[PDB]
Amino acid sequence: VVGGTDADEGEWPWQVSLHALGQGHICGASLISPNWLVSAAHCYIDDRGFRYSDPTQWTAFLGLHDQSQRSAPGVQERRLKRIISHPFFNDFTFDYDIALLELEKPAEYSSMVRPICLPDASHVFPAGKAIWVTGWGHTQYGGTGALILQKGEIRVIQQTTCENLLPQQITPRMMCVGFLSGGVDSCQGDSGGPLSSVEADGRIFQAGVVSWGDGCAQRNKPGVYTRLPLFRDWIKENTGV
């Protein structure tokens, strides 16, 4: 996260850190139930150097705050049992960039570990609505990830604006969130993490999944995210959640 600040401990108990063998944190995810996480499909595409699609290569850290202190009280380690990438995911356009991660051992709900609400398939996060993006990604483009979990407030962007800012690159599955001036944005390492929307009752609902962008925090280049309501039914039929 660029232009954010250190989050309070336990402020985002649904934020998950995904590590692959010998790479530490490389993607994020959101806890939606004791057995399931939501993440981005692109995180699990095989590269000719590492089998990212192999679930056994992954470790999920829940209730984590500091990447340099992963054995802290409250932190839970869980193995992955299965990875379900959306059937229509396109590894070139990044369309349908969403995945479901099944844990092997159920997560244990605590003060630091807690699921995020999922919005209904008909709900709409309006343009101009303030949203929170969180993660251990870079705090500047070309930088390093953050040891302490970072949080930043961003704005949902009009779809037509999004389409004009990133010509020929946006589909209905995607949503621009951030600021036209840049300054605050998600960055490398934030992928798969949830957008958090504080709703009318004060409860936080997931508004999207960190996906891609033309750089980080550049002017007129807001971060691009996978929409959540569109996949509410897909999530239910695959997880029961």
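Start at 1 with the first residue shown and count on from there.
76-84 and 147-155 differ in mean CA B-factor, and the higher of the two is recorded for 76-84. Of the two segments examined, 85-93 and 102-110, it is 102-110 that shows the higher average Cα temperature factor in the deposited entry. Set against one another, the Cα B-factors of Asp185, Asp190, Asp201, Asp214 in the record reach their highest point at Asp201.
Remark: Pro13 belongs to the middle third of its chain, ranked by C-alpha B-factor as recorded. Sort the modelled residues of the chain by CA B factor and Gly223 lands in the lowest third.
When the modelled residues of the chain are ordered by their C-alpha B factor, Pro167 lands in the highest third. Per the PDB record, residue ranking by Cα B-factor puts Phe179 in the lowest third of the chain. Ranked within its chain, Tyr44 lands in the lowest third, by CA B factor from the PDB record.
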